[PDB]
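Encoded as structure tokens, the following chain is the form deposited without ligand ADP, with no partner shown.
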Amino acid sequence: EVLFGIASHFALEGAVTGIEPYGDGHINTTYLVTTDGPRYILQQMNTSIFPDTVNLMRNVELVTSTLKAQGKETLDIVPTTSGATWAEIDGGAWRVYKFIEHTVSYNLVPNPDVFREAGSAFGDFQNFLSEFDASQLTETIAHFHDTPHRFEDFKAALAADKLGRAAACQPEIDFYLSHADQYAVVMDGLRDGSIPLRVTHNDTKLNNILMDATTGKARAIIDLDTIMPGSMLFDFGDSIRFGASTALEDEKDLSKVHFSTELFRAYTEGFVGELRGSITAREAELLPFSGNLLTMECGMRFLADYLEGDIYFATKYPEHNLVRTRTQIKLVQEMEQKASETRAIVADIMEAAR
């Protein structure tokens, strides 16, 4: 009823004939708009998590404009009748994207072939943003993949030990404390130039990768809300984290959790295969370690939350964040033990892409 009124705020190119809820997404509230013609995505943005709508949308407008300029499929913002990229409607923030037709998306990594395609999709994304000045982008979530900053947060949670949970998870604590010298590797490289500042997506889960409904080839990267400056190692590393595991983040059975070199190679094949002309030598040699770093970063965040009474991630039971942190530890250790195999894989893929 009011959804129709909202829709009237935007310069749609067909008469609206329907509006209903759409998607698996958690953070935004998404609606599908049917018209006598093209279809649209209408979103009410999360203003609690993303209070600075102007900066968020500016980031999106900059990145999507650059991709469109080059003829790349991306989120196409449908302006308001007054020409803005989003509209304020009763304290609520709303925006419209053209509906990307004829796609499918995956929730979990179904096999290596689809993972390789995820890799190519983000390698492509990076390739065509290779000349975009990433420093124009504002840091929508401060210090998001600044691992030394996360570790400080973790040490604060540990020192406070408000629930007295520390006593129950010393080996997990000691794991994070003992890896302290490794957390600053990529931030240091960004600061001293050895690592290129690039666009980072920061939510590289497959449900944000649209692939063609018929060919299964990557079509577009969506959900651009967490676009920020950073290293592409932050995105690659996190994709490895969740995607190259044989199990879920919260798998209780640790014998069921492994770092798969087969998935690592697949993602790397697609990614480097699209990014070979741009990726630096420093970046390439840090590909395997980026997996370590972002898994440790995610792992310490889970443990910090457990120690803080689970105030950041949703939980379903009391030891949930602890079970999550333990999968991340198990994965990092297998990453450390397979460093030989992973360095070889990268070197081989780097020459194959030539």
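All residue numbers refer to positions in the sequence shown, first residue = 1.
The PDB entry reports B-factors from which the mean C-alpha value can be compared for 84-92 and 132-140; the larger average falls on 84-92. Comparing 247-255 with 114-122, the stretch with the higher mean C-alpha B-factor in the PDB entry is 247-255. Within the group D305, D52, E61, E297, the record's highest C-alpha temperature factor is found at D52. Of the candidates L56, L293, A69, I329, the deposited coordinates give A69 the top C-alpha B factor. Ranked against the other modelled residues of its chain, the C-alpha B-factor of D192 as given in the entry falls in the highest third. Ranked against the other modelled residues of its chain, the C-alpha B-factor of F289 as given in the entry falls in the lowest third.
In this PDB entry, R324 carries a Cα temperature factor that places it within the middle third of its chain's modelled residues. Among all modelled residues in its chain, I19 ranks in the highest third by Cα B-factor. For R276, the recorded CA B-factor ranks within the highest third of the chain. Only modelled residues enter the ranking.
Omitted from view is the form solved in complex with ligand ADP, to which the following refers.
Only one segment in the set 111-119, 184-192, 232-240, 219-227 has any non-hydrogen atom within 4.5 angstroms of ligand ADP in the bound PDB entry, and it is 219-227. Residue contact with ligand ADP in the bound PDB entry: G25 places a heavy atom within 4.5 Å of it. In the bound PDB entry, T30 approaches ligand ADP with a heavy atom inside 4.5 Å. Taking non-hydrogen atoms only, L75 approaches ligand ADP to within 4.5 angstroms in the bound PDB entry.
Although the partner is absent from this view, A166 stays clear of ligand ADP in the bound PDB entry, with no non-hydrogen atom inside 4.5 angstroms. Screening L254, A160, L248, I100 for any heavy atom within 4.5 Å of ligand ADP in the bound PDB entry leaves a single hit, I100. This chain is drawn without ligand ADP; in the bound PDB entry, the residue among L263, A93, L210, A134 with a heavy atom within 4.5 Å of it is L210.
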